[PDB]
Structure formats: C-alpha cells, structure tokens
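One letter stands for each residue in the lines below.
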Amino acid sequence: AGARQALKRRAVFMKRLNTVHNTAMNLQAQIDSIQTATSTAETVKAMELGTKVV
Amino acid sequence: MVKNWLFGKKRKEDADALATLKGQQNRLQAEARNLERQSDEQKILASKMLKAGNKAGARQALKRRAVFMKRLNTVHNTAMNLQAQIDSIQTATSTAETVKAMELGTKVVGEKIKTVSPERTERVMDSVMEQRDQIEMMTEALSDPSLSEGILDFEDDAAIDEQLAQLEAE
C-alpha cells in the first residue's frame, strides 16, 4: 500500500515536471518569435533600400 | 484571588456533618468492643458452670452470651450503615466537582465550535477546491504543446517516421 502511495505521488510529480517543461518550451518559442521578427524587419528594410536604388 | 464564599460555607457544613457521623461511628465501635468483652466473659462463666457440675447455669450463661452477640451484630451493622452514609457524602462531593469540570470544558468547546462552525469549514474547503481547479486550468492552458509544435506535419508524421527508421538503420 505504501509503495502504491509513493508511486501515485511520483506520478503527480512527473506530471508537474511535464507541464513545467512544456511551459519552458513555449517561452523559448516566444523568444524565437521575437528574434525572427527582428531579423525579418531588417531584411524588409534592406530590400526596400535596394528597391529604391534600382 | 477569587473567594468562593458559598463553596467554603458548604465545605464547613459538610465537614461538620462528617465529624458528627465519624464521632457516632467511633462510639458504636467502642460499644461493639465492650459487647465482645462481655460475651467472652459470659463464655468463661459458661465453661465454669459446666466444670462445676451446673448445666442449668451453663445454659443460662450461654443464653446471656447469645443476647450479647445479637447486640454486637446489631451494633456492627449500624456502624456499617454510618460508613455507607459517609461514603455517600464523599461520592456526592466528588460527583459535583466532576460535573463542574465537565460543564466548564463544555462551555469552552462550545465557544470554539460556534466560532469555527462546520459550515465555515465547508465553505473553506469548497473555496480551496475551486481555486485548485482554477490554478490547474490556468497552468495547463499555458502549457499547451500546440505552440512550440506550431506547424505540424501535413504528411502526419510520415517524414519523421522515415527519419526515425533511417536513424535506427544507422
């Protein structure tokens, strides 16, 4: 019975671990979105400059 | 330092009643001892009447001894009844103190039960359950894998299936 108790508690801890890891991955996705938007803005600015010259 | 005036008054009254009962009991014990002595003297006299050759006098002495032992029995039973009354007084005193202590404890626990009622505990536990549900829903909303996944395979894992197969073959 105590083994089953400990395994249930462990199952709760691993579920919390999974939720935390997924939240950290979502934050990484947001960071990547910020950096991608910055790079895309610089690319569009360079293309507009070249288009003006041509 | 509270004075219990009535308590001390009744204490003096009960002490005087116990003193009276104990004194009468001591008198009865002394009378019992004297009656026992008289019975022993009558038995000695009966023995002498038997030895001397006087059976009628022996019967007389034994009848007198029988009367003395009957008186002894009555006196002893009366002293036992007085002891029973003394025990009743002491038992009533102890029971009164026990009931007072129980009533004090009941008053305290009643004040506590009225303060933290069971309905209050039901409300608190319901709030804890509702808030736990809301924290779980909020913290699982933020952990949806659909974001970091984002774009999913249109082929529905076929390319990743073949990639796993190729790595396994590697």
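The rules behind these values
Residues numbered from 1 in each chain as written, not as in the entry; some residues may be left out. Chains lettered and ligands numbered in written order. Part of a larger assembly, values for the part shown. Heavy atoms only, no water. Residues with missing side-chain atoms left out of burial classes, pairs and counts. Helix = DSSP H or I, 4+ residues; strand = E, 2+ residues; numbered from the N terminus. Rg over C-alpha atoms; globule rule 2.2 N^0.38 Å. Contact = heavy atoms within 4.5 Å. Salt bridge = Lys/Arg side-chain N within 4 Å of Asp/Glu carboxyl O. Axes fitted to C-alpha atoms, helices over the stretch in contact; angles between N-to-C directions. Parallel < 35°, antiparallel > 145°, perpendicular 65-115°, else oblique. Left-handed = near helix turned anticlockwise from the far one by under 90°. Nonpolar A, V, L, I, M, F, W, Y, C, P; charged D, E, K, R; others polar.

- Method information in the entry identifies cryo-EM as the source of the structure, with 2.91 Å recorded as the resolution.

**A look at the overall build of chain B**
Reasoning step 1: Within chain B one finds 5 helices and 0 strands.
Reasoning step 2: Each helix and strand of chain B, placed in order from N terminus to C terminus, yields the pattern α-α-α-α-α.
Reasoning step 3: Here the C-alpha atoms of chain B give a radius of gyration of 47 Å, more than 25% beyond the 15 Å that 2.2 N^0.38 yields for 170 residues.
Reasoning step 4: With the principal axes as the frame, chain B shows a C-alpha extent of 140 × 55 × 25 Å.
Reasoning step 5: Expressed as a percentage of contacts within chain B between residues at least 6 apart in sequence, the contacts between residues at least 24 apart total 74%.

**Some details on the overall build of chain A**
Reasoning step 1: Regarding its fold elements, chain A presents 1 helix and 0 strands.
Reasoning step 2: Computed over the C-alpha atoms, the radius of gyration of chain A is 24 Å, more than 25% above the 10 Å expected from 2.2 N^0.38 for a compact globule of 54 residues.
Reasoning step 3: The C-alpha extent of chain A, read off along each of the three principal axes, is 80 × 10 × 5 Å.

**Points about the pattern of salt bridges**
Reasoning step 1: The partner of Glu 136 of chain B in a salt bridge is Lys 15 of chain A, with the nearest N and O atoms 3.8 Å apart. In this pair, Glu 136 of chain B is assigned in helix α3 (residues 118-141) and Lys 15 of chain A in helix α1 (residues 2-53), connecting two distinct chains.

**Let's talk about the packing of helix α1 (residues 5-52) of chain B against helix α2 (residues 55-115) of chain B**
All names here are of chain B.
Reasoning step 1: It is the contact of α1 with α2, at a shortest axis distance of 8 Å, that shows an interaxial angle of 165°. In this view, α1 runs roughly antiparallel relative to α2, as classed from their interaxial angle. Judged by the twist between their axes, the crossing of α1 over α2 is left-handed.
Reasoning step 2: Split by residue class, the contact of α1 with α2 holds 21 nonpolar, 12 polar and 11 charged.

**Some thoughts on unusual backbone geometry**
All names here are of chain B.
Reasoning step 1: One non-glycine residue, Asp 156, adopts positive backbone phi at about 65°.
Reasoning step 2: For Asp 156, the position within the fold is in the loop between α4 (146-149) and α5 (158-169).
Reasoning step 3: Even without being a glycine, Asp 157 presents a positive backbone phi close to 75°.
Reasoning step 4: In this structure, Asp 157 sits in the loop between α4 and α5.

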